[PDB]
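Quick setup: one chain, the form solved without this ligand, written in C-alpha cells, and binding and motion questions come after.
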C-alpha cells in the first residue's frame, strides 16, 4: 500500500537520480512509492565525537518529525538483521498480511543515525557488513524493494 524512503541529504549525482527514477516507475504498479529527503546538517568533515553526535541529533529530530506514530519503521543499519532477498519478501509479506500498510525505510546521512531514530525503529535491516555511501544506498534499497514485491508476487526477476 504505501512505501516511503526517508533519507538524509539530496542526490547531486544525475546517475543516482536516473537510477532511482527507473525503480520508482517499476514499483509504481505494485505500491504507492514515496521518497522524502530531510536536509543533512552541514558541518566540517573532521569532527569530534561531540560534534558528530550533534549533527546526528539534528538530522534525527528532522527524520523523526516526518515519521507518523502508526508507521512501520525500518531502519537501515549495518548491524541489523541480515535478510536474504526472500527473507525480506517474507518479512514484508507477513506484515502486510497482519494489517500493516505503511512502511517507512530510513537512511541516515554521512555520520549514520542518531540513537533516537534507532529507538523508534520497528526493524533494523542490514544490507551488508560493508559501508555503502548513503546516495548509493538509496539506489540499492529501492531496487531491493522492487525485488521483494516481485518475489511476493511470484514474478520472475
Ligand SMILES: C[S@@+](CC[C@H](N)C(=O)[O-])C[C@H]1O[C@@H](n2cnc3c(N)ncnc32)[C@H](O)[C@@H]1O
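Only residues modelled in both forms are compared. For clarity, a rigid core is taken as the largest C-alpha set superposing within 1.5 Å between two forms. Numbering follows the first chain given and starts at 1.
Note that the form solved in complex with this ligand isn't included here; everything after this is about it.
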Exactly one of 38, 55, 113, 33 comes within 4.5 Å of this ligand in the deposited bound form through a heavy atom, and that residue is 113
Please tell me which of 93, 126, 61, 100 lies within 4.5 Å of this ligand in the deposited bound form, judged by heavy atoms. 126
Given that this ligand is not shown alongside this chain, does residue 137 nevertheless sit within 4.5 Å of it in the deposited bound form, heavy atom to heavy atom? yes
Should residue 76 be classed as touching this ligand in the deposited bound form when contacts are defined as heavy atoms within 4.5 Å? yes
May I ask you to check whether residue 107 falls inside a 4.5 Å heavy atom distance of this ligand in the deposited bound form? yes
I'd like to know if residue 131 sits close to this ligand in the deposited bound form, meaning any non-hydrogen atom pair within 4.5 angstroms. yes
Given that the partner is absent here, state which listed stretch (118 to 126, 41 to 49, 24 to 32, 64 to 72) has heavy atoms within 4.5 Å of this ligand in the deposited bound form. 118 to 126
Pick from 43, 36, 52, 124: whose Cα moves by 2 Å or more between the shown form and the other one, rigid core superposed? 43
Once the rigid core is lined up, which stretches of 3 or more residues in a row have C-alphas that move 2 Å or more between the shown form and the other one? 42 to 46
